[PDB]
Structure formats: C-alpha cells, structure tokens
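A.B. asks: Experimental structure and sequence below, a few questions after.
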Amino acid sequence: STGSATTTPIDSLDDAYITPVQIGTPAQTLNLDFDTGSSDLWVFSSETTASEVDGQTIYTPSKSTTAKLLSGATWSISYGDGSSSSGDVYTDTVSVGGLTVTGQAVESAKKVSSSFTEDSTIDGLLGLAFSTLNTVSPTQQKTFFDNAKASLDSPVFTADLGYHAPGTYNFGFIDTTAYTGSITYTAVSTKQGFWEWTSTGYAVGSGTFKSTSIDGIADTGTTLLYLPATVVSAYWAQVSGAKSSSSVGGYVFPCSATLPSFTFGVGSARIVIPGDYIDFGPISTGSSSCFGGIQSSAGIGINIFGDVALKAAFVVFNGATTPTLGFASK
C-alpha cells in the first residue's frame, strides 16, 4: 500500500504545516502537524478542557463506531519549545492520504498548553520519530508509520515541504518526479529516538564550504534551523546590522536586508537554503526588526534541522531495518 497527502503552511511564515487525517468511522477529518521529532499521535477532542479549545476541530470518540478506549492508558508530553499536552487513549482507524491503519493509538487531549490553544489551525500532532519516544503509559504505543510499515510497498515516508506553498507527505514510495538529481543517503542513529544524522559541513552565501561534522535531528515539527553558536555567528556576521537579542530570544536582522543563502552538507552532496527561507518577518507587527530563521542550538542540547532546512530538500525517511535519511535538491 501507499498514501499521499498534501501538507499546507498554517500561516504566511511557514511556522508549521498541517496535513488532513481521517480518524474514526464515519471519518472525522482533523488537520495534524506531522512531527518527525516526536512519537505521539494526539488530538483535540470532546474531552479537551473547554477553556483550552479555541477554534480547533475536535475528535469525538463516542461518534466513531470503531473507537475503543484503551483501558488504563494515559499520556503526557512536553516539547522542545516548552509546550505540552496530556490525556487518555483510544484506538481507532486512522487514514492518511488513502493509507489506512486499524487499531492506531489516538491520544485524546484532556489538557493542552497555551500555544496549542492559541493555534486554531493545528488540531493535534502526528508523531513520526521512533516509537521508543512514545509517551503512553503503562503500555507504549506505536506511531502511525510503525503500524503501517509492514503493509507499505517500501518501508519509507517522504517529506516535501513547500516554501510559502503546499507540499506533500508520501508513505510507501519515493516519487522520482519530485526532486532533481540524485538522493544522497546518510546514516541515522536511533539511540535517542530521533532521526539523528551528521551533516558534513556548511557554507554561508557564496563562501567556501567548511568541512565539519554537525550531529542533529531531522525535525519537521520544528520551524527553524538550530545549529552550533559558531556556525550561526558566521552566518549572521554576513548580514549588516544583525545581532543576537536576549530580549527577543535570538538573532534579529534589519528587515531591509537581503539575506545570504546557507548550504549544508549531506555526505558529498550539498543542500542550498535560499536566503529568503531564513526571513521570519517582523518580531512584532510594524517592527523593522526581523526574526532570523537560523538560530543557536546552545542550551537546547541538540542541533535541529527544522523546516527551514528540510523545505529546501526532498527528504526520505527510510524506516528499513537499519534506518537512513535521504536528501535531494528539488
């Protein structure tokens, strides 16, 4: 089997991407944030504290003839940005782009933190990291991908995120028309539960490539590109007037700037992030200080190849016995 679904930016900045997901019988369609940096499929629901729901579409398990309470199971998750959610668990039928999994753990939110409530466009998350990170207790549950794998034509999914435009998540096949040149594959460590890999270096603008190993995670559920302070300083030093602002929480730059590109290495291959992808607009409405799309990972504890990086590429998440990651230009 295969599946193919369009993923759409939530706003004019590409802060996140949502993908329609069918849950239950009859189908209830929710728009979920596909997140290769976590491993829980959770939704706003009829159980979510009413004051914490503001415009989201909710899953109502009592209206699904295939929903079953997973007795005794609870979940609770905290994300890299400090947001959180928690609740109980149902199993139900879940379909993405025509690919159906029966018995999928659907984690129903009883509580969500403020940045979920305030994001009316995100109805929940669909985790695509390794199932070892799943938070369900006392019996850990499998991701949608893990459940689908055996049925897939090939045990892969691909992320093709757009720049200020829709893109595609495919399951079970590699669309050879969706990228240019060849796909370069690189080793993955699953030891921390993430799609963790090592970039071979970087360049700023038309500058020379610096060969240096940068361990990080491929994370569709994080907006920005978080890299070591040395790398980030080298990037922003090429933008007149750019500076790190403790008050704002990272590098800002004059909105009148033209940003240089940023290249990262995948083996001997190179992925180029155009300068415009690194512009996240005014820090507040009407400000001439703009927020940068490349930020320091210092104090995160890991480097993160978030959407800024991934949307410059066609990315293969290869879930074979020994997982790997592939990147192609597009």
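C.D. replies: Arrived safely. Numbering: from 1, shown residues only.
A.B. asks: Domain map for this structure?
C.D. replies: 5-174, 175-330 (curated CATH domains).
A.B. asks: Let me have these in TSV, extended by mean neighbour count.
C.D. replies: (Each C-beta comes from the backbone N, C-alpha and C, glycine too.) Compiled in TSV, the domains of the chain are given as follows (neighbours: other CB atoms under 10 Å):
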stretch	mean neighbour count
domain 5-174	19
domain 175-330	18
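A.B. asks: where exactly do the helices run in the stretch 101-250 of the chain?
C.D. replies: Assigned helices in the stretch 101-250 of the chain, in chain order: 114-117, 144-148, 229-236 (criterion: DSSP state H, counting those that start in this stretch).
A.B. asks: Relative to residue 4, which of these is closest?
C.D. replies: Proximity to residue 4 (CB to CB) singles out helix 144-148 among these, at 12.9 Å.
A.B. asks: Isn't residue 23 up against residue 106?
C.D. replies: Yes. At 6.0 Å, residue 23 and residue 106 qualify as touching, with contact defined as CB atoms under 8 Å.
A.B. asks: Which neighbours do those two have in common?
C.D. replies: Both residue 23 and residue 106 are in contact with 43, 59, 92, 94, where contact means CB atoms under 8 Å, 6 or more residues apart in numbering.
A.B. asks: would the third one count as being in a helix?
C.D. replies: No. Residue 92 sits outside any helix when classified using DSSP: H, G, I helix; E, B strand; the rest coil, being strand.
A.B. asks: Give me the nearest residue to it, chain neighbours excluded.
C.D. replies: residue 67 (4.6 Å; CB to CB, 6 or more residues apart in numbering).
A.B. asks: Phi and psi next, for that neighbour.
C.D. replies: The phi/psi pair for residue 67 (degrees, to the nearest 10) reads phi -70, psi 140.
A.B. asks: Now do the contacts for it.
C.D. replies: Contacts for residue 67 (CB under 8 Å, 6+ apart) come out as 24, 61, 90-92, 106.
A.B. asks: Could you rerun that using 6 Å?
C.D. replies: 24, 61, 90, 92 (CB atoms under 6 Å, 6 or more residues apart in numbering).
A.B. asks: Since that was my last question, I'll sign off now.
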